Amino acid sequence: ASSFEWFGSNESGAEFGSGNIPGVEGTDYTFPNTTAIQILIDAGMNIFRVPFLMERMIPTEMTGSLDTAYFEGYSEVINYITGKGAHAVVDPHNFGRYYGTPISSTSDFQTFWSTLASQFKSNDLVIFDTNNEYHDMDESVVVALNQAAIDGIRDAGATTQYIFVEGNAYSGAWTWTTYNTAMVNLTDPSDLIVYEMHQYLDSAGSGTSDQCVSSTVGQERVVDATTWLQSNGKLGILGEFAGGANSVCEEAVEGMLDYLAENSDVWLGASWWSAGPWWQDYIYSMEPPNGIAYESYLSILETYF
């Protein structure tokens, strides 16, 4: 069958042009292309993470109502993914901020998630991702925000879906034990928490260059996090990762994923960053037919499918 339970791609677009809230569809932002998603489904991928902006989903206050247009464009892509039998990760790509302000209301954040999860409650293939890449916030608040998210999700009766929780410091795997050990104190009625981390292999780990530090940096940056999951009896998914289209980066990726496949009892899978229809020139574009990463990594990544 497989090495991992899941392996797939992020599908970007709905989170673009975040300077313009609400912005205009087709100008500031778009929704992912279902035809292009099917090409990746055809290839063997079975999980897709679809970013969006909290402010476009629920404008003005996070206790408010849905924007019907933006939600229905987003819903359309989520339900295509689950319609084909693959898991769809619902990802408010917000860095723990709302209208630019670090989120500090656990009740307004729990109300946000109740409203959102209530529209997916009976879709067993939806995955909930509490927020993309918390950073530069207090660890206590971050953990409470992940707990508030779990609480609103279940309250609304979405109890069969996995919840992806993310840590501080951009939820990096290589820094996980430095900053996010507190995240062990998270609880779920359904007991379906997966710890989602991100790892890039360039100098800063910021994922902004196509050069990797070395052919072994990828394995190096996931060891500690692998031990932490095994130690505390938790589960993980690498929700984002990428490398440049050169052999040093490719070898780093392979040895990173080798090490995670060797530890698949804690690692449930991985998700490449990123596919989507507006990436063009992007160094990590997984979008068919021409994206650089589609051209250089798809063959590589299928060996782990």
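Heads up: residue numbers just count along the shown sequence, starting at 1.
Asks: Read off the CA B-factors in the entry, average them over 7-15 and over 284-292, and name the higher stretch.
Replies: Taking the mean C-alpha B-factor of 7-15 and of 284-292, the larger value falls to 284-292.
Asks: Once you work out the mean C-alpha B-factor for both 234-242 and 22-30 from the entry, which is higher?
Replies: Higher mean C-alpha B-factor: 22-30.
Asks: If you check the C-alpha B-factor for each of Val213, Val165, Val141, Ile78 in the entry, which is highest?
Replies: Highest CA B-factor of the listed options: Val213.
Asks: Quiz for you: based on the deposited Cα B-factor, which of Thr115, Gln219, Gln199, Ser105 is highest?
Replies: So the option with the highest C-alpha B-factor is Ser105.
Asks: Could you say whether, by C-alpha temperature factor, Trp228 belongs to the lowest, middle or highest third of its chain?
Replies: Its C-alpha B-factor, which the entry lists for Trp228, ranks in the highest third among residues of this chain.
Asks: Give the position of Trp272 by CA B-factor within its chain, expressed as the lowest, middle or highest third.
Replies: Lowest third of the chain for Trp272's C-alpha B-factor.
Asks: Using only modelled residues of the chain, where does the Cα B factor of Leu192 rank: lowest third, middle third or highest third?
Replies: Highest third of the chain for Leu192's C-alpha B-factor.
Asks: Lowest, middle or highest third of the chain for the C-alpha temperature factor of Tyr259?
Replies: Tercile = middle for this residue's CA B-factor.
Asks: Rank-wise, by C-alpha B-factor, drop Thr181 into the lowest, middle or highest third of its chain.
Replies: According to the entry, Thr181 has a C-alpha B-factor in the chain's highest third.
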